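A closer look at the structure
Here's the letter readout for the chains.
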Amino acid sequence: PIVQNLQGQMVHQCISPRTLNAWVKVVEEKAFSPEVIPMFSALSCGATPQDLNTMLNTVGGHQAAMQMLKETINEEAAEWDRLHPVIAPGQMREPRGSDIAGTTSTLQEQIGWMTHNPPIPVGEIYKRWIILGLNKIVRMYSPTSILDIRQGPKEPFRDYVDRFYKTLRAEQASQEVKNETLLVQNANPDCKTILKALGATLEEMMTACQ
Amino acid sequence: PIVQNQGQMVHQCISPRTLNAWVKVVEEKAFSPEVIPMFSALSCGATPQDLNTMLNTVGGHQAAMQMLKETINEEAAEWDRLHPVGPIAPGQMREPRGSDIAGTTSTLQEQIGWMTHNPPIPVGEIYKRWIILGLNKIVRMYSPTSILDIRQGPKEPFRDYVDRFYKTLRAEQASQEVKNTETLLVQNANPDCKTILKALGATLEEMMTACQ
Amino acid sequence: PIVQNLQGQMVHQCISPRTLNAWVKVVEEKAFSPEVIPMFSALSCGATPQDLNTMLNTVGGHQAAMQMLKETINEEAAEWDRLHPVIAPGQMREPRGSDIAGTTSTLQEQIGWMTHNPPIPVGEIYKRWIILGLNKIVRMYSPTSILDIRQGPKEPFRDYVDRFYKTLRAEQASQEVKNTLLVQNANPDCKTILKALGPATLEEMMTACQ
Amino acid sequence: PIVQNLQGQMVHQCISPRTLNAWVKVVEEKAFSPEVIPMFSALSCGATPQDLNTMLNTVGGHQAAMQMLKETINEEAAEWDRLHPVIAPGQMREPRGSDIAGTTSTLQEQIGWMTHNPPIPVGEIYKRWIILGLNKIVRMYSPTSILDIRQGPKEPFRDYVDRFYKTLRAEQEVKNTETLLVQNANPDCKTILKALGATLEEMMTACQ
Amino acid sequence: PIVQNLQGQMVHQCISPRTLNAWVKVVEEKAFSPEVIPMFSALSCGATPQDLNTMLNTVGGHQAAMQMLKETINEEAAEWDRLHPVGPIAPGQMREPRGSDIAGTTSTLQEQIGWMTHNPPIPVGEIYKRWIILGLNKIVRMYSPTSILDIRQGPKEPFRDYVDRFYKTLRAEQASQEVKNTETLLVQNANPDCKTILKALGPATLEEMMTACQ
Amino acid sequence: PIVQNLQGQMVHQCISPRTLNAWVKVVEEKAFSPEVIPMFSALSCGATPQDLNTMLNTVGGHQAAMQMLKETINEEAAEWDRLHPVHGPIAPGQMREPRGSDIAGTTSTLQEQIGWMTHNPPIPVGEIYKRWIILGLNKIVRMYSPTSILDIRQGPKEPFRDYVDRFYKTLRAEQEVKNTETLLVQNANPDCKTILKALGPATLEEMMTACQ
Ligand SMILES: COc1ccc(-n2c([C@H](Cc3cc(F)cc(F)c3)NC(=O)CN3CCN(S(=O)(=O)c4ccc(N)cc4)CC3=O)nc3ccccc3c2=O)cc1
Ligand SMILES: COc1ccc(-n2c([C@H](Cc3cc(F)cc(F)c3)NC(=O)CN3CCN(S(=O)(=O)c4ccc(N)cc4)CC3=O)nc3ccccc3c2=O)cc1
Ligand SMILES: COc1ccc(-n2c([C@H](Cc3cc(F)cc(F)c3)NC(=O)CN3CCN(S(=O)(=O)c4ccc(N)cc4)CC3=O)nc3ccccc3c2=O)cc1
Ligand SMILES: COc1ccc(-n2c([C@H](Cc3cc(F)cc(F)c3)NC(=O)CN3CCN(S(=O)(=O)c4ccc(N)cc4)CC3=O)nc3ccccc3c2=O)cc1
Ligand SMILES: COc1ccc(-n2c([C@H](Cc3cc(F)cc(F)c3)NC(=O)CN3CCN(S(=O)(=O)c4ccc(N)cc4)CC3=O)nc3ccccc3c2=O)cc1
Ligand SMILES: COc1ccc(-n2c([C@H](Cc3cc(F)cc(F)c3)NC(=O)CN3CCN(S(=O)(=O)c4ccc(N)cc4)CC3=O)nc3ccccc3c2=O)cc1
């Protein structure tokens, strides 16, 4: 990553083993559950594109997902190249899409762009792209539609809701589309009665159905 | 988080140690009360971004986490009432709205600016306050039993009963005036103990010795 | 905690996850075995009262013990307030009992008191109180009286002694009061052997009975 | 490794136990699965040739692979010696192939070359060679040809693809994908896939 | 412990949790096997007497051993007090430590640091450590199950195993390494088949004896 | 060990618990498999002779091996004393030449050891002693090696790769004399030996493909 020495300067560090291991475990244990994204994002704090490639490369298995991911990166790099078409000796060049994915850039270039003032945050840009791709995967790997999350007849409301919102987190839509109407619909009769009786916070709905 | 290098205050990444610690806490302890202090400790120094990171890494408990978002909305709206916010002065640092504190509408730089500025606007600590509010409501929610239903089993050692009593009591939300203890504790004691305890006019230490 | 930067200044750090986890494990694994006290004391090296509260709060279960602990803290804070009753703008105020327990003080105050020269070691004072309470608990949680630690007829002396001293460690009295019963409670075969020596090191007694 | 002190200077550190253990575990758990290469590369960030030797030496087992590896290093060192044939008192000498593998160089030389301006990145060069050898091994240890990765008749497309690309990784103009993937798909899917002109996302939706 | 800041000065740190845990595990896993001593010594690198007390206090169980240990410390502190007797101290100045100051009983942490970091150092940490290690040796011998005399090579026991037992057992026992000075009782206690073979060589390296009996 | 402070100076550190534990585990898990040597060498990066003694002392069990090791150290210290005999009473203040036993950390203090190592030019007593220990560790590894390379014959149902793995593992335990693809072919089973003999004495890669 790039991080700040107790002096003041911004310097390149290696990825820790702690971070490497953390990432592999995440992927091993949690597949492409949604909470992988924030965990990836956190574990890639400071990351150069090189570090992001390292991280993705250490993922074995899920190679369909990872090819899908490469496709999503191609799309976003091509779009970057549309919006910013691209040389002076000594000076620092503008990065193409493929420079951001760390394909055509060297580490030094990547550091140059990131630590320059103002920064070209190629790490953060590539990360944005990877996270796009990771969302598409998470939805892909999502087993069940939110429509098929119905409260079991002997299912405590809380459990149902847990499933509801877990499932909902996996899917991709405007948070307008994601914004407690299907929650009530899919509730079981006993609860739906109780919930329909109110005009309500989730806290209220969960108390009411407890 | 924000922490101290030399002498200057600087942004660090969240450690993997901290991330893992938080996930484990939530995996192992659900929303047992001791999650709150553990969250608070593990979020020492945290920017709102770090707090979001932490909450995002929680998979499962998504009902709780939506409940949490609601509690944050309530407190942000109230913040916006108490501190209304033009085009800001160029260069200068703007007043944060509620949603800036939850790290929704602020950038990391803004968040750092507010926290490290002198005097500090401790957006990290404010958001943390809100999250902890929400976490308490959840802990009460996830609490299975009312303190009224904590009755000493007929073959239950007093100490165990008390452990349950106070564990259960910790889960519930009220002024410690309302929680103020050694009245329902005695009531709910089993006969053998209730006799012994009623005999005294007493510390918990004394009650536990007496019933041992 | 408060600890020293490689420069020289005394500065506040967060509690490490390592320390948090260490403390929880201690309590999970060892309950209120006596060796919890020194382990708590070590893990609270440098601690502000805030850190001490954090640590105690992370203990789930043993809530009877922890209420008992709060009572012991009340006693000692009230006594502090007896011995030291009692504001100037800018200046640093004298801490009441409840300021030491971190109830009524802010972190800044706590740091102020501790890092001031001369120090008001509120961390160390509160720690003293907590350790008082922890001793009362350890005695409480102690199953057996030292009087009831009798060497089994087929029990190796060393085991007996191990039990003896473990049990003895749990109980609360001046080490004058703890400073005879080891020999008394020994089984006949050993008691003969031990009585044969002139009121002897433990090493000697354990060799003699081996 | 060679890494940067909070001051600013470049200095030699020992390999951490964390790194050593990490590497051994990788090799124990993942054998010569492809993701070992990037994991080796990451864990050898900063490495002197000495550190690279250390790392390879700590691998017990897979001694066939490791001899194969030595052969690949010989080839690349000999080639280095062809392309750069090879002292002034005080001054720093040009490294032969065997100096890069850390066989004939001392640690000091290795540091000298790496930290000199401009750098002679013997660490990175040797690493390049090791990674060459590691690829040959990964292909060796690969059980199945991409030709023999056929979608089972009751195999979900995603699983098939996972196998396809895992297998493909073990073996990029030549690797260039959405031609043998379709060929080897089972009938039901091949129909559906042939119907499109397509991203993998699209193909996987279509076959789901 | 006392350790050196990246500047240059010597400063007190807390004991790490890593160190605490390490010590407890050692004692849990390895009891009073001999390799506990060097492990204690290593884990107590830099230690103040306070840190040494902390470490010993975190040991639960083995309380017989730990009382034995206290006795050994009393003996050595009393002897210290004989060899270095100690008025009201000069104001400001640093006092001579009694035995009980070295065990961290009567000294404060500040005193302990003062003694250790002063030039020349009074290495109270290292002295107390010396005492603890004395006591730990007596314990290790105590907890040692078998005498070296009773380590006889089994009739179907490979020599190497026998030797492993021999020297493990020998390590547990306390005498001058003159008294421990090896390849005499090792041969005696060897089983017949080996004793023949070993006696055939002229009083030989251990390597040679182990090859010969393989 | 001796290592470099982020300033620039060379300073003594304690051995980490991480390093101690690492070493013990290595020895527990891997006995005297050959890869213990490089692992020891790595874990003893920076080591004073004191640190090397610490490390060896923490090894319980394998006490035969460890006595064998002491013998190997005696041999090499005596030889050191032959090649470098020691000067009267030493110059006051000045740093003395180390005898063999000073290098094994038997007769030297830590300060002396640091003095020798950090002096310019360095007397690398750590590295010298390490050399000796590694000599002894090799003799042990060969000792603890169960099988001769001659007795590594490819099983009739043994995949070549496995055979080779055994071959070279075994060979590592025991480089002109070690120089290889001659006994490897000899000891191959008939089916493979045919195939391998067909190629003109070939890389190992080629031999392993051919026999796969
Ligand atoms: C498409 O965007 C890309 C493509 C490549 C990289 N890239 C990479 C990426 C990082 C990566 C990993 C992922 F899991 C998912 C991602 F999205 C990104 N790794 C690789 O490409 C390595 N790698 C080899 C090729 N194949 S394959 O199966 O044989 C194959 C062959 C042909 C076709 N058509 C399809 C697949 C698998 C594979 O992994 N590694 C770098 C390492 C060192 C320096 C540079 C790079 C760099 O640039 C980065 C982004
Ligand atoms: C309610 O206040 C908020 C709202 C959003 C955030 N927020 C967040 C928060 C952090 C968070 C996590 C919690 F578990 C609980 C909390 F209270 C806070 N997480 C997310 O938004 C991620 N996320 C996706 C959306 N849903 S959902 O189920 O599809 C869904 C969709 C619509 C409706 N109406 C209900 C549910 C689940 C989910 O998590 N992550 C950020 C990351 C990067 C920058 C910014 C942010 C930021 O702003 C923070 C506080
Ligand atoms: C008794 O002295 C005290 C009392 C409270 C605190 N204190 C604390 C303490 C620290 C603590 C934890 C212990 F396990 C044991 C201890 F002795 C000390 N914790 C709490 O107050 C948290 N907490 C909630 C209340 N109860 S209860 O069961 O509902 C309950 C209900 C009715 C009655 N009458 C009594 C108790 C349990 C509980 O835990 N946490 C702080 C955090 C942030 C800033 C400040 C504080 C601060 O001041 C510290 C010392
Ligand atoms: C081939 O290129 C080389 C050759 C040697 C080294 N090298 C090394 C290498 C590192 C290494 C490890 C690998 F797994 C794979 C690699 F490719 C590279 N390790 C060793 O040499 C150790 N080692 C000895 C030789 N054999 S063997 O079985 O006896 C043998 C003998 C004859 C024949 N024909 C076949 C096999 C096994 C063995 O392991 N260790 C160093 C350590 C200290 C300083 C220097 C060195 C250095 O130079 C490095 C690269
Ligand atoms: C004998 O020399 C000593 C005596 C006491 C200490 N000492 C200590 C020592 C350190 C220690 C631990 C060991 F495992 C072994 C050692 F050798 C040394 N620990 C204790 O005192 C704790 N402790 C309490 C007393 N008993 S007991 O069973 O009730 C008991 C009762 C009656 C009789 N006659 C004998 C024992 C058990 C016990 O454990 N802890 C300090 C902590 C804070 C500041 C100071 C001290 C300090 O000075 C250090 C050395
Ligand atoms: C021969 O070279 C030596 C001899 C001794 C040391 N040495 C040591 C060495 C380090 C060491 C460990 C090894 F596993 C193997 C090695 F080769 C080297 N350790 C010991 O001496 C510890 N130790 C105790 C004695 N015995 S025994 O079985 O009772 C015994 C008694 C008599 C006879 N004849 C045979 C065996 C076993 C034992 O273990 N520890 C130091 C620690 C503190 C300061 C100094 C020293 C120092 O000098 C170092 C090198």
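Thresholds, definitions, all that
- Residues numbered from 1 in each chain as written, not as in the entry; some residues may be left out.
- Chains lettered and ligands numbered in written order.
- Heavy atoms only, no water.
- Residues with missing side-chain atoms left out of burial classes, pairs and counts.
- Helix = DSSP H or I, 4+ residues; strand = E, 2+ residues; numbered from the N terminus.
- Near = heavy atom within 4 Å.
- Polar contact = N/O pair within 3.5 Å; in protein donor to acceptor, adjacent residues only side chain to side chain.
- Areas by Shrake-Rupley, 256 points an atom, 1.4 Å probe, with all protein chains shown as cover.
- Contact = heavy atoms within 4.5 Å.
- Disulfide = S-S within 2.5 Å.
- Buried < 20%, exposed > 50% of the residue type's maximum accessible area, 1.4 Å probe, protein only.

- This entry, as listed in the PDB, derives from X-ray crystallography and reports a resolution of 2.900 Å.

Comments concerning the overall build of chain A
- A count of helices and strands for chain A gives 12 helices and two strands.
- Once the C-alpha set of chain A is aligned to its principal axes, its extents read approximately 75 × 35 × 35 Å.

Here we look at the site of ligand 6
- Every one of the 19 residues lining ligand 6 counts as a neighbour, but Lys180(E), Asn181(E), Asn57(F), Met66(F) and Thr106(F) are closest to it.
- Positioned at a junction of chains, ligand 6 has nearby residues supplied by chains E and F.
- Between ligand 6 and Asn181(E) there is a distance of 2.7 Å, counted from a nitrogen atom to a side-chain nitrogen or oxygen.
- For ligand 6, an oxygen atom lies 3.0 Å from a polar atom in the side chain of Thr106(F).
- Taken by itself ligand 6 offers 910 Å² of open surface, and the protein chains cover 75% of this.
- For the shell around ligand 6, the elements supplying multiple residues, two or more each, are α8 (159-172) of chain E together with α3 (49-58) and α4 (63-83) of chain F.

A few points about the interface of chain E and chain F
- Between chain E and chain F, the contact holds 28 residues from the first and 31 residues from the second.
- Secondary-structure elements contributing two or more residues to the side of chain E that touches chain F are β1 (2-4), α1 (17-30), α2 (36-43), α8 and α12 (206-212) of chain E.
- For the side of chain E that touches chain F, the leading source of residues is α8(E), giving six residues.

Observations regarding the state of the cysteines
- Under the definition given, this model contains 12 disulfides over all chains.
- Residue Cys45(A) pairs covalently with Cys13(B) via a disulfide, S to S 2.0 Å. Measuring handedness by torsion sign, the sulfur bridge of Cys45(A) and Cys13(B) sits at about -75° and is left-handed. Taken together, the positions of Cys45(A) in the loop between α2 (36-43) and α3 (49-58) and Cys13(B) in the loop between β2 (9-11) and α1 (16-29) put the pair across two chains.
- Relative accessible area serves as the criterion here: at 23%, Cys45(A) is assigned to the partly exposed category.
- On the basis of relative accessible area, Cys13(B) is assigned to the partly exposed category, the value being 25%.
- Here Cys191(A) connects covalently by a disulfide to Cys209(A), the sulfurs 2.1 Å from one another. Side by side, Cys191(A) and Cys209(A) carry an identical accessibility label, which is buried.

Side note on the side chain of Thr47(B)
- Note that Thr47(B) resides in the loop between α2 (35-42) and α3 (48-57).
- When neighbours within four sequence positions are excluded, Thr47(B) is seen to be in contact with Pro1(B), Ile2(B), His11(B), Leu108(B), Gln111(B) and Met115(B).

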